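Encoded as structure tokens, the structure appears first; notes follow it.
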There are 2 protein chains.
Amino acid sequence: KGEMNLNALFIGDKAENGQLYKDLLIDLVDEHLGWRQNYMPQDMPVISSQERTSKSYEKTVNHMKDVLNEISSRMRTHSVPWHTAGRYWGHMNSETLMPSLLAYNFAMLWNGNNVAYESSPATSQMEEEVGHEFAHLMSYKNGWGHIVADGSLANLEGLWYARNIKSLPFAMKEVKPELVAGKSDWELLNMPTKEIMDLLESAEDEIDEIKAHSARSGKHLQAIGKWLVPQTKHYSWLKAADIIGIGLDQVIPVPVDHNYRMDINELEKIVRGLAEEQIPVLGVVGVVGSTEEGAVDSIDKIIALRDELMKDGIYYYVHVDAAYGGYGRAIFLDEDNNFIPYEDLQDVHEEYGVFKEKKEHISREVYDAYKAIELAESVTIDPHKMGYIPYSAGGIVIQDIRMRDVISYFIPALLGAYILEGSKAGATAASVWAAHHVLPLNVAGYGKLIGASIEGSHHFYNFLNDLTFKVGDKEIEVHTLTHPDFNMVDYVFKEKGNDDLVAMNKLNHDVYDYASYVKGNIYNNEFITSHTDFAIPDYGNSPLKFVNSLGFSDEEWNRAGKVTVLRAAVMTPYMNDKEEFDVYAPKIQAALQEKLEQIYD
Amino acid sequence: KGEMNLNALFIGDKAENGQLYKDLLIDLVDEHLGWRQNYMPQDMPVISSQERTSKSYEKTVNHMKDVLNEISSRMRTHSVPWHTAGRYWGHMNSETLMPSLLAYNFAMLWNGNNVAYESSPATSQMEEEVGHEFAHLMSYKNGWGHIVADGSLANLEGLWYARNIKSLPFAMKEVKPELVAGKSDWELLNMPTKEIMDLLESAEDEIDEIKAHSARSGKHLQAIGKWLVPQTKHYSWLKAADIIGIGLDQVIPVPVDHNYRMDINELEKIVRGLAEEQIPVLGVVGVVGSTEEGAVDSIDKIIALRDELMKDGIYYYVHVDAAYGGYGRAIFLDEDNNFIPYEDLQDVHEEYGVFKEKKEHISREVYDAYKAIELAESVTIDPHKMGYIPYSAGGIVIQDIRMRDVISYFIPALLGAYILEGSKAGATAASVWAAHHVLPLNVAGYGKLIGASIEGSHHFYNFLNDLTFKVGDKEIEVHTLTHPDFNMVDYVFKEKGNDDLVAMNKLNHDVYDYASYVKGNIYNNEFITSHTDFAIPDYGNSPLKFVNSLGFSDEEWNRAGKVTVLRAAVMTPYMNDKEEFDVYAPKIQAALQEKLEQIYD
């Protein structure tokens, strides 16, 4: 209390806490078995002693052992060794929290289903508490949330909310016109969500008929307008628009700037233009922790722009895709759940051990973005990402608990009444609940874990920016894409002098191949990273500033049509201390020297 | 080999195999830890010895232990003790298979994500093999499948398929009209799925443009027609129609008969009527294992009706909702995966130990229903139900692997390209794969487990049909709803003489309350069951035959408006032997005598 040791919370890079994990696991299994035996203890075991020493029992057990050895063989041949402390620099995956692993294995022995309270009252209560913890993480005063199978489905459910909510004024006009007396059709299509919810709550006995005339009926799906997303995340959201019925043509990409954040001037232009056409805006998606560059969209500027457009009768729903970055908000919350003032941030981070070196680590712009999430209608958040909880565990949070009435079907007696999916594991809720209660969602818990990831990524960034290699007669240099908004560092290797961009992309594709399962056995790979392509169809000219900085030309940029970037989502918590990072600094350099020499020689 | 012992495959009613579970679990954890340590063995552990004996480490571990004790306390106070052999007779939940539990805990230590092959090559391969095992379970010759977060989402994905598939002829008319030359709009809306797929495969270079004009665009959602579902399952499917964009008004309930199977004469009437209106049929849902009565719809008659309607230019997609009953199909497959001829069924079941007493256990009608699943376009199947796999694990199977191109977004390099959801646990695939390879999906594996469940349910049915109790001066009798199509037995208690149906519903609601978490502590409950209401808005007059058989009147039936039924999904594998069932026969009677006496006295 007053500080917590992250090294006790993971199995470990080298299984240093393996015995601790095993002792706690067997202790938990024993408590489950003891509970099982003392339900109706007067019943004698149905599986007899003689049965358990029979040959048919032994042959079945042997067949089980053979299947499990085959699973062990396959897992140990091919799986990715991202548990390592300072050799894996790629996808959004490190170790998961031991209390979550333990709570999952324990809860799974009961095999409860959280879709109905009767199936598992304890895990249902834990999901409710997890929902309120999500809402408090977003500083929602009367919000709610729940666990979703993954972040893709949470985004879908966010779109489901916006779709139904937008359609509700038309539904009220048709069912109880007194609610929306004297409002033009355009006004109906630009009512703020809070006002819609207030009206719907007034019509208590008519909510069902009103809901029957909303978008749930299949009516007005094209009248509700366009879904605006960052350009770099346009393709992924096509799927959700496809599913929810508005269709691919209703998704509009908003260009990003040279930091891969949505350009808010371009957003204003698209929104005001659409308003001039009397085409409503169904909603806008701001991304907190982008998948391919870890960018944090300026949520504060998205919300303030909305405040200015409401003076001109224009409103849009805001959904925050914080799948990756959402647990990051805990680093700003003190122990009373108050957002720490920016001026005080470095002081509280020193006192809580959040950051080891007292300097600026979080820009005021990222700070302001995270603070304004409180004003968005809904937020996608992934416990299986920055929550360090095992797959599969997404989340969605809604600003106003009343909003769930707009999608409901009749503590929830049937949590399935309020959610997009159906059956779901109570073990998943136990696993999230356990993490949240070992680590509070503020600077005293998750703040310290997020801080260790961010600080490790900053050491990696500084190391790469001072990196030059000699291979044959050639000299290869490393360049970082941008100062990380969160904990993801993107970078490229480039032959000093070579101005062929197609060639640099070949080089960086060669480094990925030799630093992935593509070339060699993964268990013998001394440095592993991930890769992605920034292509003009998805990125526009947002990478042009960076490509120019490296010496390439506008014409080069258009001939290649893309830049191939290496990607490190630094989730390891062990690289926050410079001395620990310095042990792995020469090991990385040496591992890259021999990768580069294989590429040329 | 040639017979397998189910008692070795579960932790056990009384934790009889607890030590076996623990030995195998720790063995698996050790293999994982050993794999972890021998990635880069030249690296020294980052978490030092001194760190592990420090006070800050110990205080964090103690805080973890406190959280886990709180989870243990909550789980053991409230969770449902359905692991018991012969005292739990309610919801679709018993023990899950030990090899699946073990494989999940093992695979979760790697924490792979199956949405992309690079994240976890081994678990991705296992999901592919699981997909082909699903397809072979349905006798599909060139089908495919995958694991879905749950059965609700699998049904949604089935609707997504039908929606997009129905819309594709219009899309081809607009993009490559030569494909559908001379076809009227009604013909386009009644093309068989195989013909649509054949055409789309011919237009290899135009598939993308064709897909861009399908229902993915948001266009033609009302032109594709009506989704027909059994009446008793109308409300649940409202949700999927809502989400997918066709809307609530496009779902038409088809009445069920007095066995709660979809009335195929009523289906013909609704379909021919709609065809006369030139309103297409988007698809028909046949339910194999219904949620509230375990009914098996006559899939063979649904498909044969479709064959007859295609002579008149009427076609409909068939989706089989086998969430509950799908693993049941293994009981008909021999070891070469050939459907066993009905005449031979009792012979093969005796030889494989599927059934202990050689008599008719499966009617020819259920047999014929399961056999015709091979002709449906898609099937929802839940490993977390009759697969005895832990939550959360659904499944969907498609008849023709080519169909997945109609929903795709670009062994799968990205399985996420072919599925509705996004991120998903490789551990789930390992857990399903382990069950499928310990127990083949035929009579040599799952057939024996399904058989034990069915035979146990038949002993329960026969016991309840001979049950009479004396309480005070009153006499209470038990009546079963119907001969079970699968392993679910529904029943009611009735005061002999009392013709007040509202009163009988009160009685059976009182028995449920005293046989659930409602009244008392669940860990002290000696008999547990579930309940549901058959109400006229959802069931029509389908229960009238049964209500009349008990002595109630048509007017009584309409005054009460419903009948309240107790429900036993007999999933326990331990009650297949009469002698074992006879140990629990008097314990149930005694437990019910004291429940009935509390109700009256």
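Note on naming: letters A, B, ... go to the chains in the order of the sequence lines (proteins, then strands), and numbering restarts at 1 for each one.
No hydrogens or angles considered: a donor-acceptor pair under 3.5 Å links the side chains of B:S423 and B:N113. For the residue pair A:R567 / A:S530, a side-chain donor-acceptor distance below 3.5 Å is found, with atom types taken as modelled. A side-chain donor-acceptor contact under 3.5 Å links A:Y491 and A:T529. Residues A:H361 and A:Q346 have side chains that never bring a donor and an acceptor to within less than 3.5 angstrom of each other. In this model, a donor atom of one side chain and an acceptor atom of the other lie less than 3.5 Å apart for A:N155 and A:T380. Inspection of the A:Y315 and A:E187 side chains reveals no N or O donor paired with an N or O acceptor under 3.5 Å. For the residue pair A:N465 / A:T480, a side-chain donor-acceptor distance below 3.5 Å is found, with atom types taken as modelled. With 3.5 Å as the limit, one finds no donor-acceptor pair spanning the side chains of A:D538 and A:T232. Counted by atom type alone, A:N541 and A:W557 present one or more donor-acceptor pairs between their side chains at under 3.5 Å. Side-chain contact, B:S408 with B:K211: a donor N or O sits under 3.5 Å from an acceptor N or O.
Side chain of A:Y88 to backbone of A:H91: a donor-acceptor contact under 3.5 angstrom is found. A:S457 contributes no side-chain N or O that, together with a main-chain N or O of A:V570, makes up a donor-acceptor pair within less than 3.5 Å. Counting only distance, with no hydrogens or angles, the side chain of A:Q399 and the backbone of A:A376 share a donor-acceptor pair below 3.5 Å. No donor-acceptor pair under 3.5 Å is formed between the side chain of A:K496 and the backbone N or O of A:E477. Between the side chain of A:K239 and the backbone N or O of B:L420 there is at least one donor-acceptor pair closer than 3.5 Å. Without hydrogens or angle criteria, A:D257 side chain to A:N259 main chain gives a donor-acceptor distance under 3.5 Å. Side chain of A:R306 to backbone of A:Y316: a donor-acceptor contact under 3.5 angstrom is found. A donor-acceptor distance shorter than 3.5 angstrom exists from the side chain of A:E556 to the backbone of A:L501, with no hydrogens or angles considered. No donor-acceptor pair closer than 3.5 Å links the side chain of A:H384 to the backbone N or O of A:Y391. Here the side chain of A:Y388 pairs a donor or acceptor atom with the backbone of A:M571 at under 3.5 angstrom.
Across B:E209 and B:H213, no two heavy atoms sit closer than the pair O-ND1, 3.1 Å. Closest of all the heavy-atom pairs between B:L153 and B:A149 is CD1-CB, 3.7 Å. Heavy atoms only, all atoms of each residue included: A:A569 and A:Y324 are closest at CB-OH, 3.6 Å. When all heavy atoms of A:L156 and A:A240 are compared, the pair lying nearest together is CD1-O, 3.7 Å. Nearest heavy atoms, A:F134 versus A:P383: CZ-CG, 3.7 Å. In plain terms, the two heavy atoms of A:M488 and A:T291 that are nearest each other are CE-O, 3.3 Å.
Note on ring orientation: taking the six-membered ring where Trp is involved, the planes of A:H531 and A:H509 are perpendicular (angle over 60°, cut-offs 30° and 60°). In this pair, A:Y317 and A:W227 present their aromatic rings tilted. The plane angle is within the 30 to 60° band. Note: A:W144 and A:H146 have tilted aromatic rings, judged against thresholds of 30 and 60 degrees for the angle between ring planes.
Using a 4.5 Å cut-off on side-chain heavy atoms (C-beta onward), A:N508 and A:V565 make no contact. You'll find the side chain of B:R163 reaches within 4.5 Å of the side chain of A:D242, heavy atoms only. Two residues are said to be in side-chain contact when any heavy atoms from C-beta on lie closer than 4.5 Å; A:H319 and A:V379 fail this criterion. Looking at heavy atoms from C-beta onward, A:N558 lies in side-chain contact with A:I536 at the 4.5 angstrom threshold. Two residues are said to be in side-chain contact when any heavy atoms from C-beta on lie closer than 4.5 Å; A:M504 and A:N498 fail this criterion. Put simply, the side chain of A:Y539 reaches to within 4.5 Å of the side chain of A:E293, judged on heavy atoms. The shortest distance between side-chain heavy atoms of A:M262 and A:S298 does not fall below 4.5 Å. The shortest distance between side-chain heavy atoms of B:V406 and B:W160 does not fall below 4.5 Å.
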Would you sort out whether A:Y235 and B:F410 count as a ring-ring contact (aromatic ring centres under 6.0 Å, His included), showing the intermediate values?
CA-CA 9 Å; A:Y235 187 92; B:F410 284 142; 9.1 Å; no
Could you walk me through whether A:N487 and A:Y461 pass side-chain hydrogen bond (donor to acceptor under 3.5 Å, both in side chains), step by step?
CA-CA 10 Å; A:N487 61 9; A:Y461 174 84; over 6 Å; no
Show the numbers, then the answer: is there a side-chain hydrogen bond (donor to acceptor under 3.5 Å, both in side chains) between A:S214 and A:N164?
CA-CA 6 Å; A:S214 71; A:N164 285 13; 4.8 Å; no
Let me see the working for A:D249 and B:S217 under side-chain hydrogen bond (donor to acceptor under 3.5 Å, both in side chains), right down to the final yes or no.
CA-CA 6 Å; A:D249 48 343; B:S217 68; 5.6 Å; no
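Centroid-to-centroid, the aromatic rings of A:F534 and A:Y260 come within less than 6.0 Å. The aromatic ring centroids of A:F460 and A:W89 lie less than 6.0 Å from each other. When ring centroids are compared, A:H483 and A:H458 come within the 6.0 Å threshold.
Taking CG of B:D405 as the start and CD of B:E204 as the end, the distance is 8.0 Å to the nearest 0.5 Å. For the atom pair CD1 of A:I396 and OG of A:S378, the computed distance is 5.5 Å after rounding to the nearest 0.5 Å.
Remark: A:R329 fails to qualify as a cation-pi partner of A:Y370 under the 6.0 Å distance and 45° angle criteria applied to the six-membered ring. Because its NZ or CZ atom is both nearer than 6.0 Å to the ring centre of B:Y409 and within 45° of the ring axis, B:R216 counts as a cation-pi partner of that residue. Because its NZ or CZ atom is both nearer than 6.0 Å to the ring centre of A:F339 and within 45° of the ring axis, A:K371 counts as a cation-pi partner of that residue.
Ion pairing between a basic and an acidic side chain is recognised when a charged N comes within 4.0 Å of a carboxylate O; A:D533 and A:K562 show such pairing.
Scored by the side chain to side chain contact (heavy atoms under 4.5 Å, CB included) test, A:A330 finds A:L137, A:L441, A:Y446 as partners (sequence neighbours excluded). For A:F170, the ring-ring contact (aromatic ring centres under 6.0 Å, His included) partners are A:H220, not counting sequence neighbours.
Remark: of the listed residues A:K506, A:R559, A:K494, A:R559 is the sole one forming a salt bridge (charged side-chain N to carboxylate O under 4.0 Å, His left out) with A:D500.
Residue A:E276 qualifies as open at atom CD: its count of foreign heavy atoms under 6.0 Å is 12 or below. Within 6.0 Å of NZ in A:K301 there are 12 or fewer heavy atoms belonging to other residues, nucleotides or ligands.
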